[PDB]
Amino acid sequence: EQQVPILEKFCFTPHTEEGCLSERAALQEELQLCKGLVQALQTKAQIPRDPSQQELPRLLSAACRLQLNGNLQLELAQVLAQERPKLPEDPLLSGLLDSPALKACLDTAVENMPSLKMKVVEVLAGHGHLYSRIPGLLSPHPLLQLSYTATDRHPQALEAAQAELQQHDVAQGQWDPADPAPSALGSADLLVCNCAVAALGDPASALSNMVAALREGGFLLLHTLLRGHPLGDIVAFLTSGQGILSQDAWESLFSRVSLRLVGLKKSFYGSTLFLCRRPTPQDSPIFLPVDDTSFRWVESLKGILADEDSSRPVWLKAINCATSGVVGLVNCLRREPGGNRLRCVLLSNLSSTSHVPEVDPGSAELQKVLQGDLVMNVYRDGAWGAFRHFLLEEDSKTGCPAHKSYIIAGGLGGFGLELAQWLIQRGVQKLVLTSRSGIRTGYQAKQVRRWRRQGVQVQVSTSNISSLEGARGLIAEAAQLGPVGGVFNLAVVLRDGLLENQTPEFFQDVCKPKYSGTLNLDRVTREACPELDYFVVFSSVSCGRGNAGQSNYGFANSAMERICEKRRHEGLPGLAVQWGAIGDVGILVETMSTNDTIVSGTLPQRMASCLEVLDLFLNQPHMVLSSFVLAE
Ligand SMILES: NC(=O)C1=CN([C@@H]2O[C@H](COP(=O)(O)OP(=O)(O)OC[C@H]3O[C@@H](n4cnc5c(N)ncnc54)[C@H](OP(=O)(O)O)[C@@H]3O)[C@@H](O)[C@H]2O)C=CC1
Ligand SMILES: Cn1ncc2cc(-c3ccc(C4=NC5(CC5)C(=O)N4C[C@@H]4CCN(C(=O)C5CC5)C4)cc3)ccc21
Ligand SMILES: [Cl-]
C-alpha cells in the first residue's frame, strides 16, 4: 500500500570531529566497567542489554576468572583466539562504525569520485567485516555502482561469510598487506580496513602497499584504536595486536607514505576513523570567482570547460557571499562534461562574529585546501567541512489557526494547489496564492471556487516576490486578511540545458523566484511578520545530489538552503525541503506519468506520502531535510 520514503537531514559536517559518541551513556557505562576490569587485573541470557553483557566486558571478566586460578597467562591464547571474530561487534570497538561517522566518510569518498562508480577493496575482511556495513550504507544511492572485493591473508578467514559475500555481489581475494597488492586490485577508488581487531602487522609496510593499490586521488579509510587512550591501552593489554599506534605515530606514518589526511573522526574513548587520500600530481589550478551577481562568470566557465584537452582543476570560489548556491551548482556540473575538473570553496559563516579566513592564491589555508583536493570545501564558524546527509530519526501534528494568513508563492502550481488543500484541511481559512500571470486554467479556477464556497478566504495575487517591492506588497495583502503565520516558496522557473547551452540571463531567470524571491521573503518577514510560524522553501535532489542540465536550478535551490540556515541560526523559522520526484501533480508528471516512470532509480513520491512527510518535517528543528523514494 503505502510508499516508504528515505528521510534525511542535510547538515554541515566538519572534516575533523572529536569527542564523538560522548552522548551515548551505554558506551560511557561500558567504558567505565572495562576500565575497572583492567585496574582489577593489573593490580590483582538474552540480548545483551546492560553494558556488562557486551563482548569486551565479557572477555575481560573471563580474564579475571582465569586470573583467579587457571591462569590467563596460559589460557589467553585460546580464549582470545576463540572470541576474536565476535569482538568486532562490541559496542565500543565499533561505535564509530555504527555511528553516522562511517557514512560521513563514505559519502565524502563518493562525492570525490569522477563518476557514479567506486572500486572498493577491503583489507583483512576476515576480522574487519566492513563488507557487511558499507554496501548497505551506500545502497540508498540510486545510481552508484560498487565493485567490492573482500581480501585477507588467510584464505579460510572468509569461509563463514561466503554466503552473504556472494549473495551480495562481493568478490573475494587473497592479500597479505605485508606483500604488494595483486595487480587485479590496483587502481582502487577506496581501500578500507577495520584494524581495531585485525592483526595489521607492520603498519609502515602495510600502509605502503595499500597506497600503491590506490589510484591517484583514491581514498583510504582506516578504523583503529589510539595509544594513550583508554580503549587502545585496554586492548593492547590483552594482546600478550601489534598495529596499535598513537595518533602522532599514525600521522607520521601517513606522511611517510605520502597519504594526505582529509578526514578524522575520534570517539571520546580514542577509537578513530582516518580518511586519507593518495595525492594527484598537482596541475596549475584555475581560480574563478562566482560571487558576481550578473552571473557573467558563467560565460567564463563555459570557456574553461570547453577546453576538453586540459586537465586543469577548476576551483569555483565563493568568498563574498555566504548564501551562494555554489554547492548545488557543483553537484550538477560534476555530472556534466568536464565536471570531474570541478572543485569549490565556500565561505559561509552564520555568525557575523566569526572570523573569515584568507583563501587568496598564496595563503596557507588555500594551499592546505588544494593539497586535500576535495570537491566540497565549506568554511563555517571556525571549521572546514561540507554538507552531508544523515538518516533522520523518528518523532507533533500540524494544525493552523483560523485567524492567521498563509502565503504560497507558486500556489496555483501542481504541488501548490495540493499544499493549499492540505493547509486548509489543517485549519487554514486565509490563503494568498501568488502567480506571475494569475489564474490560467479551469482546474486552478475550480479549486479556488471550491475553497471559497467552503468559506476559505482565498486571494490570488500577482505581486512578484523576485522584487523587494512586489514582495512587500504580497505580505501587505496577506496582512489585510490577518497576521502572516507562514510563507511557502514553491515558485520555480526552469531553463534546463547543459552549461555549454546556458547563459547568464537564463541563470538570472531561474534564480529570480528562488534566490531573489527567498531573500526578499526573508527580509520582509523579519521586518513585518512577527507572528510568522513557518518559513518553508521547496528544494530538490537536483541541488542536494546533482542533476546534469540543471546547474542554474541547483544553484538557486542551494542558495535558498543557505538563507534558511542563517534564519534558523538567528532563531527565526526556516526550512528547506529537498524533494525527489513528485507524482500526481507538478511539472514532472506533466512529462510524464505518475507510477510507472522510474526516475534515475527512484519513484515519483505520491502526494499522500509527500504531505505526510511534510507534516513530520514541519515539526523538526532541522534546517534542511530530504525526502525521496527508492525504486526496486
Ligand atoms: N515537480 C517535481 O517533481 C519537483 C518539484 N520541486 C519543487 O517544488 C516546487 C513546486 O513544484 P511544481 O508544482 O512541480 O511546479 P509548477 O510549475 O507546477 O508550479 C510552481 C509555479 O510557480 C509559478 N511562478 C514562477 N515564477 C514565479 C514568481 N516569480 N512568482 C510567483 N509565482 C511564480 C509558476 O507559474 P507562472 O509562470 O504562471 O507564474 C508555476 O505555476 C518548486 O519549488 C520546485 O522546484 C522539487 C523537486 C521535485
Ligand atoms: C540518496 N541519493 N544519492 C544520490 C541521489 C540522487 C538522486 C536523484 C534522483 C533523480 C534525479 C533526476 N533525474 C532526472 C533526469 C530524470 C531528473 O529530472 N531528476 C531530478 C528530479 C526529478 C524532477 N526534479 C525536479 O526538481 C523538477 C524540476 C522540478 C527532481 C537526480 C538525482 C536522488 C537521491 C540520491
Ligand atoms: Cl575528482
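Counting convention: from 1, in listed order, for ligands and their atoms alike. Position 1 is the first residue of the sequence; numbering continues from there.
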**Q** What are the polar N/O contacts of ligand 2 with the protein below 3.5 Å, with distances?
**A**
| unit_1 | atom_1 | unit_2 | atom_2 | d |
| --- | --- | --- | --- | --- |
| ligand 2 | 13 (N) | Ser600 | OG | 2.9 |
| ligand 2 | 18 (O) | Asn547 | ND2 | 3.4 |
| ligand 2 | 19 (N) | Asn547 | ND2 | 3.3 |
| ligand 2 | 26 (O) | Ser540 | OG | 3.0 |
| ligand 2 | 26 (O) | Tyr553 | OH | 3.0 |

**Q** Is any side-chain heavy atom of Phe535 less than 4.5 Å from a side-chain heavy atom of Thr525?
**A** yes

**Q** Is it true that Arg312 and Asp307 make a salt bridge, defined as a side-chain N closer than 4.0 Å to a carboxylate O?
**A** no

**Q** Pairs of nitrogen or oxygen atoms closer than 3.5 Å, one from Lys514 and one from ligand 1: do any exist?
**A** yes

**Q** Does a side-chain N-to-carboxylate-O contact under 4.0 Å join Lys566 and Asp522?
**A** no

**Q** For a side chain to side chain contact (heavy atoms under 4.5 Å, CB included) check, start with the C-alpha distance between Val369 and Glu365, then their side-chain angles and the critical distance, and finish with the verdict.
**A** CA-CA 6 Å; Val369 170; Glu365 294 295 291; 5.7 Å; no

**Q** At less than 4.0 angstrom from any non-hydrogen atom of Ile587, what atoms of ligand 1 do you find?
**A** 1 (N), 14 (O), 15 (O), 16 (P), 17 (O), 18 (O)

**Q** Please classify the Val493 to ligand 1 contact at 4.0 Å (heavy-atom distances, strictly less than): side chain, backbone, both or neither.
**A** side chain

**Q** Check for me whether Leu412 has a heavy atom closer than 4.0 Å to any atom of ligand 1.
**A** no

**Q** Check each of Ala491, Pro513, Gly517 against atom 22 (O) of ligand 1 and report the one with the nearest heavy atom.
**A** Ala491

**Q** Quick one: does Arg436 get an N or O within less than 3.5 Å of an N or O on ligand 1?
**A** yes

**Q** Please determine if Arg545 and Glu111 form a salt bridge, counting it only when a charged side-chain N lies under 4.0 Å from a carboxylate O.
**A** no

**Q** Taking the six-membered ring for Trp and the full ring for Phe, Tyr or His, determine whether the centres of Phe274 and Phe254 are under 6.0 Å apart.
**A** yes

**Q** I'd like to know if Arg606 pairs up with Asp584 as an ion pair, taking the criterion as any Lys NZ or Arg NE/NH1/NH2 lying under 4.0 Å from an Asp or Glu carboxylate oxygen.
**A** no

**Q** Could you check if a side-chain atom of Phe628 sits within less than 4.5 angstrom of a side-chain atom of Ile6, using non-hydrogen atoms only?
**A** yes

**Q** What do we get for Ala409 next to ligand 1 when only non-hydrogen atoms under 4.0 Å count, side chain, backbone, both or neither?
**A** neither

**Q** Would you check whether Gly414 has a nitrogen or oxygen atom less than 3.5 angstrom from a nitrogen or oxygen atom of ligand 1?
**A** yes

**Q** Run the contact test for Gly583 against ligand 1 with a 4.0 Å cut-off on heavy atoms, strictly below, and give the result.
**A** no

**Q** Would you call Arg562 and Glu565 a salt bridge, taking side-chain N to carboxylate O under 4.0 Å as the test?
**A** yes

**Q** Who gets closest to atom 13 (O) of ligand 1 by heavy atom: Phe628, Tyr553, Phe415?
**A** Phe415

**Q** Taking the basic N atoms (NZ, or NE/NH1/NH2) and the acidic carboxylate oxygens, is any pair closer than 4.0 Å for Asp373 and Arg260?
**A** no

**Q** Do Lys119 and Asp189 sit within salt-bridge range, that is, some charged N less than 4.0 Å from a carboxylate O?
**A** no

**Q** Could you check whether any side-chain heavy atom of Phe488 comes within less than 4.5 Å of a side-chain heavy atom of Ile407, counting everything from C-beta outward?
**A** no

**Q** Please indicate whether any nitrogen or oxygen in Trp579 is less than 3.5 Å from any nitrogen or oxygen in ligand 1.
**A** no

**Q** Considering the heavy atoms of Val492, write down every atom of ligand 1 situated less than 4.0 Å from one of them.
**A** 15 (O), 20 (C), 22 (O), 25 (C), 42 (C), 45 (O)

**Q** I'd like to check which ligand 1 atoms, numbered from 1 as shown, lie under 4.0 Å from a non-hydrogen atom of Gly580.
**A** 47 (C), 48 (C)

**Q** Are there over 12 heavy-atom neighbours, none belonging to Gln425, within less than 6.0 Å of that residue's CD?
**A** yes

**Q** Pairs of nitrogen or oxygen atoms closer than 3.5 Å, one from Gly586 and one from ligand 1: do any exist?
**A** no

**Q** For atom 31 (C) of ligand 1, tell me which residue out of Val510, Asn489, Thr434, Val577 has the closest non-hydrogen atom.
**A** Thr434

**Q** Given side chains that start at C-beta, do those of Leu190 and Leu106 come closer than 4.5 Å, heavy atoms only?
**A** yes

**Q** Determine whether the side chain, the backbone, both or neither of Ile582 has a heavy atom under 4.0 Å from any heavy atom of ligand 1.
**A** both

